[PDB]
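The working numbering numbers the first residue of the sequence shown as 42 and each following residue consecutively. Every residue, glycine too, gets a C-beta built ideally from N, C-alpha and C.
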Amino acid sequence: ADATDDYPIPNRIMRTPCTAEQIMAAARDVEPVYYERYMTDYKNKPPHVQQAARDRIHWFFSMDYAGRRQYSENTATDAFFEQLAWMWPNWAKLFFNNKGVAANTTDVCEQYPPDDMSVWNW
Numbered sequence: 042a043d044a045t046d047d048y049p050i051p052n053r054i055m056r057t058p059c060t061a062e063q064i065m066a067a068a069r070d071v072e073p074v075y076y077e078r079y080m081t082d083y084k085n086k087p088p089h090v091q092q093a094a095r096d097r098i099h100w101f102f103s104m105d106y107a108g109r110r111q112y113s114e115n116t117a118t119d120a121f122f123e124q125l126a127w128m129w130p131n132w133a134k135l136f137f138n139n140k141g142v143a144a145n146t147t148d149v150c151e152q153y154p155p156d157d158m159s160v161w162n163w
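Below, the structure is given as structure tokens:
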């Protein structure tokens with residue numbers, strides 16, 4: 042079985058100080074196909090969950106490394122620890138990507154503008 046660094050939530054994504062808008066902006070440019078899929082599912086959930094997901098990712102950016110530590114520990118302890126997973130487990134599928142997406146978004150979220158609010162409404 043071994044072990045991989047793809048679990049828990051991508052270390053590259055978690056240990057990078059970028060806003061959701063920043064990573065989302067990078068994500069829509071790097072992988073628009075997957076971004077649209079996420080957006081389609083994002084619009085599928087009600088505003089309450091959409092805002093809830095946003096609130097949770099907002100805390101991630103605000104806590105930053107602290108958020109990374111808590112998210113890593115919380116998911117390590119229990120994947121269903123997140124109360125958002127209770128309502129929708131794909132609340133952060135865009136961020137939960139261990140493909141080249143994690144490397145590309147981390148390496149460019151540091152350059153895209155954090156005030157890109159067009160990521161919330163494409």
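Please classify residue i: is it buried, with 16 or more other beta-carbons within 10 angstroms of its beta-carbon, or exposed?
i, result
"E72", "buried"
"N162", "exposed"
"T147", "buried"
"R110", "exposed"
"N138", "buried"
"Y106", "exposed"
"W132", "buried"
Tell me the DSSP secondary structure of residue i in three-state form.
i, result
"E62", "helix"
"residue 27", "With the chain represented from 42 up to 163, any question about residue 27 goes unanswered, as that position is not in the structure."
"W127", "helix"
"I54", "helix"
"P155", "coil"
"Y48", "coil"
"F137", "coil"
Figure out for me which residue from the options has the closest Cα to the Cα of residue i.
i, options, result
"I98", "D119, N145, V74, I54", "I54"
"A144", "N52, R78, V160", "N52"
"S103", "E123, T60, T45", "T60"
"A117", "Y48, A44, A42, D43", "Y48"
Could you spell out the range, first to last residue, of the alpha helix (DSSP H) harbouring residue i?
i, result
"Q111", "106-118"
"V149", "141-149"
Any heavy atom of the ligand SAM closer than 8 Å to the beta-carbon of residue i?
i, result
"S103", "This structure does not include the ligand SAM; it has no bound ligands of any sort."
If contacts are defined as beta-carbon pairs under 8 Å, then residue i and residue j qualify, I think. What distance do you get, rounded to the angstrom?
i, j, result
"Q91", "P155", "With 8 Å as the limit, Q91 and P155 do not qualify as a contact, their Cβ atoms being about 19 Å apart."
"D157", "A94", "That belief does not hold up - the Cβ atoms of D157 and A94 are roughly 17 Å apart, past 8 Å."
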